[PDB]
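Trainee: File name coords.txt; file contents compact mmCIF, C-alpha atoms and all ligand atoms; full text below.
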```
# COMPACT_ATOMS: atom_id res chain seq x y z
CA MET A 1 94.77 103.34 101.17
CA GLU A 2 95.56 103.96 97.52
CA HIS A 3 93.19 101.78 95.49
CA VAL A 4 95.35 100.11 92.87
CA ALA A 5 95.18 96.37 92.42
CA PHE A 6 98.25 94.22 92.07
CA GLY A 7 98.74 93.21 88.42
CA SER A 8 96.53 95.95 86.98
CA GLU A 9 97.22 96.60 83.28
CA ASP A 10 97.79 100.36 83.58
CA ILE A 11 99.65 100.25 86.89
CA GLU A 12 102.61 102.31 85.59
CA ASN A 13 100.24 105.11 84.64
CA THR A 14 98.60 105.11 88.05
CA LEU A 15 101.81 105.04 90.09
CA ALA A 16 103.38 107.82 88.03
CA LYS A 17 101.39 110.34 90.11
CA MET A 18 102.55 109.03 93.51
CA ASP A 19 105.21 110.47 95.84
CA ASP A 20 106.98 108.26 98.38
CA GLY A 21 104.17 108.97 100.83
CA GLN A 22 101.48 107.75 98.45
CA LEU A 23 103.45 104.62 97.61
CA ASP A 24 103.31 103.75 101.29
CA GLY A 25 99.56 103.46 100.94
CA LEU A 26 99.67 100.56 98.47
CA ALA A 27 98.29 97.13 99.41
CA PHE A 28 101.42 95.49 98.01
CA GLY A 29 105.18 95.97 98.01
CA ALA A 30 106.58 98.34 95.41
CA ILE A 31 110.21 99.00 94.57
CA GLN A 32 111.45 101.35 91.89
CA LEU A 33 114.84 100.56 90.35
CA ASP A 34 117.05 102.31 87.84
CA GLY A 35 118.57 100.44 84.92
CA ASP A 36 121.51 99.45 87.11
CA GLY A 37 119.31 97.92 89.81
CA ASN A 38 119.80 100.77 92.28
CA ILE A 39 116.82 101.35 94.57
CA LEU A 40 115.03 104.65 93.90
CA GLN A 41 111.90 103.97 95.95
CA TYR A 42 110.92 101.32 98.44
CA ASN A 43 107.51 101.33 100.07
CA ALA A 44 106.18 100.40 103.51
CA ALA A 45 104.40 97.24 102.37
CA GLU A 46 107.69 95.90 101.02
CA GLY A 47 109.39 96.74 104.30
CA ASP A 48 106.60 94.80 106.04
CA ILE A 49 107.30 91.73 103.92
CA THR A 50 111.12 91.74 104.08
CA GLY A 51 111.89 93.51 107.35
CA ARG A 52 114.12 96.09 105.65
CA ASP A 53 113.83 99.72 106.62
CA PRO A 54 112.90 101.65 103.46
CA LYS A 55 114.97 104.76 104.20
CA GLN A 56 118.03 102.60 104.67
CA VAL A 57 117.85 100.62 101.42
CA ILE A 58 117.34 103.54 99.05
CA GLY A 59 120.50 104.13 97.02
CA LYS A 60 121.74 100.58 97.52
CA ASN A 61 121.92 98.11 94.68
CA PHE A 62 119.02 95.65 94.86
CA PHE A 63 120.86 92.73 93.27
CA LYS A 64 124.33 93.12 94.74
CA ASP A 65 123.67 94.49 98.23
CA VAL A 66 120.07 94.16 99.37
CA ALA A 67 118.45 91.06 97.81
CA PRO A 68 121.10 88.53 96.74
CA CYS A 69 118.32 85.88 96.49
CA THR A 70 117.38 87.66 93.27
CA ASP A 71 120.84 87.49 91.73
CA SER A 72 120.01 84.55 89.54
CA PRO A 73 118.95 84.00 85.96
CA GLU A 74 115.38 83.56 87.23
CA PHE A 75 115.11 87.08 88.61
CA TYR A 76 118.11 89.33 87.85
CA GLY A 77 118.45 87.65 84.45
CA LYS A 78 114.93 88.70 83.50
CA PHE A 79 115.53 92.23 84.73
CA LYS A 80 118.74 92.72 82.76
CA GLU A 81 117.14 91.40 79.58
CA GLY A 82 114.22 93.78 80.06
CA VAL A 83 116.51 96.74 80.63
CA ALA A 84 118.49 95.96 77.48
CA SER A 85 115.31 95.53 75.39
CA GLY A 86 113.57 98.61 76.79
CA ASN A 87 110.59 96.40 77.52
CA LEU A 88 109.61 94.37 80.59
CA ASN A 89 106.35 92.89 81.91
CA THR A 90 106.63 89.61 83.76
CA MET A 91 105.07 87.91 86.75
CA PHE A 92 106.33 84.89 88.70
CA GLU A 93 106.55 83.47 92.20
CA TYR A 94 109.81 83.54 94.15
CA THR A 95 111.18 82.93 97.61
CA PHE A 96 113.02 85.56 99.66
CA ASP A 97 115.35 83.86 102.17
CA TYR A 98 118.31 86.14 102.91
CA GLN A 99 118.64 87.05 106.59
CA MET A 100 114.95 86.31 107.03
CA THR A 101 112.40 83.52 107.34
CA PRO A 102 111.90 82.03 103.86
CA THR A 103 108.95 83.92 102.36
CA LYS A 104 107.09 83.01 99.21
CA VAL A 105 105.93 85.94 97.14
CA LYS A 106 104.40 86.86 93.81
CA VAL A 107 106.57 89.27 91.86
CA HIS A 108 105.49 91.53 89.02
CA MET A 109 108.22 93.48 87.23
CA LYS A 110 107.21 96.18 84.81
CA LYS A 111 108.97 99.03 83.07
CA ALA A 112 107.92 102.45 84.36
CA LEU A 113 106.40 105.24 82.29
CA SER A 114 109.66 107.17 82.72
CA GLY A 115 112.62 106.21 80.55
CA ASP A 116 115.13 104.31 82.66
CA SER A 117 113.12 103.17 85.64
CA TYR A 118 111.56 99.82 86.56
CA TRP A 119 108.99 98.60 89.05
CA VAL A 120 109.12 95.46 91.13
CA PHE A 121 105.80 94.73 92.81
CA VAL A 122 105.55 92.12 95.52
CA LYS A 123 102.71 90.42 97.37
CA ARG A 124 102.38 87.41 99.61
CA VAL A 125 101.04 84.15 98.28
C1 LIG A 201 116.32 87.91 99.01
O1 LIG A 201 115.75 88.36 98.02
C2 LIG A 201 116.46 88.57 100.23
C3 LIG A 201 116.02 89.81 100.71
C4 LIG A 201 115.23 90.83 100.18
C5 LIG A 201 115.28 92.04 100.88
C6 LIG A 201 114.51 93.13 100.53
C7 LIG A 201 113.64 92.98 99.45
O2 LIG A 201 112.86 93.91 99.18
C8 LIG A 201 113.57 91.77 98.74
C9 LIG A 201 114.37 90.69 99.09
```
Go ahead and express the file in the form of structure tokens.
Mentor:
Amino acid sequence: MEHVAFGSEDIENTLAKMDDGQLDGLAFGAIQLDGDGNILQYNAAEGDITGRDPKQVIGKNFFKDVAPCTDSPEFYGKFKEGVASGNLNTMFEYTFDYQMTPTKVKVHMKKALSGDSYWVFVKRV
């Protein structure tokens, strides 16, 4: 495993060194999005939670195509505000229920170290 704890204060620094293969060693789901919500990275733990095949969701838009549960002011709304402000660091619980058994998760969204990229971290609660 890669020893990084969910919710760690310097998580963006740690994950900046990881390739897709290293991301797959995290104890929690991790998705990297561009400013438009397009999926840049999607790790194995997330695929384990949602059932989606990581290779197949990369390049798709998270909010429009992949995870319409999140297209709401409570999730998407927060993301868009963060993108516009250039700053984002928020944690909340949510339920994923599209084409799957309803699953309650903890979500942490944080801006990445790189300019126009954003992390969504996910773990079961
Ligand atoms: C609602 O959010 C439904 C599905 C979904 C699929 C993949 C990921 O990663 C999150 C959510």
Trainee: Hey, which residues sit close to ligand LIG 201 (chain A)? Say within 10 Å, counting only C-alpha atoms and all ligand atoms, and write them as a VMD selection string.
Mentor: chain A and resid 29 to 31 39 42 to 43 45 to 54 57 62 to 63 65 to 71 75 94 to 103 105 120 to 122
Trainee: Could the residues in this selection be saved with C-alpha atoms as a CSV table (one decimal), keeping the file's coordinate frame?
Mentor:
```
chain,number,residue,atom,x,y,z
A,29,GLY,CA,105.2,96.0,98.0
A,30,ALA,CA,106.6,98.3,95.4
A,31,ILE,CA,110.2,99.0,94.6
A,39,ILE,CA,116.8,101.4,94.6
A,42,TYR,CA,110.9,101.3,98.4
A,43,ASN,CA,107.5,101.3,100.1
A,45,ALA,CA,104.4,97.2,102.4
A,46,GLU,CA,107.7,95.9,101.0
A,47,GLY,CA,109.4,96.7,104.3
A,48,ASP,CA,106.6,94.8,106.0
A,49,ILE,CA,107.3,91.7,103.9
A,50,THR,CA,111.1,91.7,104.1
A,51,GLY,CA,111.9,93.5,107.4
A,52,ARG,CA,114.1,96.1,105.6
A,53,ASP,CA,113.8,99.7,106.6
A,54,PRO,CA,112.9,101.6,103.5
A,57,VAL,CA,117.8,100.6,101.4
A,62,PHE,CA,119.0,95.6,94.9
A,63,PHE,CA,120.9,92.7,93.3
A,65,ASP,CA,123.7,94.5,98.2
A,66,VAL,CA,120.1,94.2,99.4
A,67,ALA,CA,118.4,91.1,97.8
A,68,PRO,CA,121.1,88.5,96.7
A,69,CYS,CA,118.3,85.9,96.5
A,70,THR,CA,117.4,87.7,93.3
A,71,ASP,CA,120.8,87.5,91.7
A,75,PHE,CA,115.1,87.1,88.6
A,94,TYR,CA,109.8,83.5,94.2
A,95,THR,CA,111.2,82.9,97.6
A,96,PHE,CA,113.0,85.6,99.7
A,97,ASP,CA,115.4,83.9,102.2
A,98,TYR,CA,118.3,86.1,102.9
A,99,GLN,CA,118.6,87.0,106.6
A,100,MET,CA,115.0,86.3,107.0
A,101,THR,CA,112.4,83.5,107.3
A,102,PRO,CA,111.9,82.0,103.9
A,103,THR,CA,109.0,83.9,102.4
A,105,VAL,CA,105.9,85.9,97.1
A,120,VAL,CA,109.1,95.5,91.1
A,121,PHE,CA,105.8,94.7,92.8
A,122,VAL,CA,105.6,92.1,95.5
```
Trainee: May I have the residues at most 12 Å from (103.8, 87.0, 81.5) in the file's coordinates, counting all atoms listed in the file, as an NGL selection string?
Mentor: :A and (7 or 9 or 78 or 88-93 or 107-110)
Trainee: Counting all atoms listed in the file, which of A:32, A:41, A:13, A:56 gets nearest to residue 116 of chain A?
Mentor: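 Of the candidates, the smallest distance to residue 116 of chain A is held by A:32.
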Trainee: At what distance in Å, to one decimal, does atom CA of residue 4 of chain A lie from atom CA of residue 28 of chain A?
Mentor: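 That distance, rounded to one decimal, is 9.2 Å.
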Trainee: Show me, as an MDAnalysis selection string, the residues that have an atom within 8 Å of residue 113 of chain A when counting all atoms listed in the file, minus same-chain residues fewer than 3 positions from it.
Mentor: chainID A and resid 12:13 16 117
Trainee: Find the distance between atom CA of residue 118 of chain A and atom CA of residue 34 of chain A and write it in Å to one decimal.
Mentor: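 For atom CA of residue 118 of chain A relative to atom CA of residue 34 of chain A, the distance reads 6.2 Å.
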Trainee: How far is it from atom CA of residue 22 of chain A to atom CA of residue 40 of chain A, in Å with one decimal?
Mentor: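 Computing the Euclidean distance for atom CA of residue 22 of chain A and atom CA of residue 40 of chain A yields 14.6 Å.
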Trainee: Choose the residue, out of A:17, A:104, A:64, A:55, that has the smallest atom-to-atom separation from residue 38 of chain A; count all atoms listed in the file.
Mentor: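 Ranking A:17, A:104, A:64, A:55 by distance to residue 38 of chain A, first place goes to A:64.
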Trainee: When you count all atoms listed in the file, which of these residues is closest to residue 87 of chain A: A:25, A:59, A:35, A:73?
Mentor: A:35
Trainee: Please, what is the axis-aligned box for every listed atom of segment 86-95 of chain A with 3 Å on each side, as centre and edge lengths in Å to one decimal, as AutoDock Vina command-line options?
Mentor:
```
--center_x 109.3 --center_y 90.8 --center_z 87.2 --size_x 14.5 --size_y 21.7 --size_z 26.8
```
Trainee: Which of these, A:5, A:83, A:58, A:18, has the shortest distance to residue 123 of chain A once you count only C-alpha atoms?
Mentor: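 Using only C-alpha atoms, the shortest distance to residue 123 of chain A belongs to A:5.
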Trainee: Considering all atoms listed in the file, state which residue in the set A:2, A:36, A:81, A:74 is at the smallest distance from residue 21 of chain A.
Mentor: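 Checking each candidate against residue 21 of chain A, we get A:2 as the closest.
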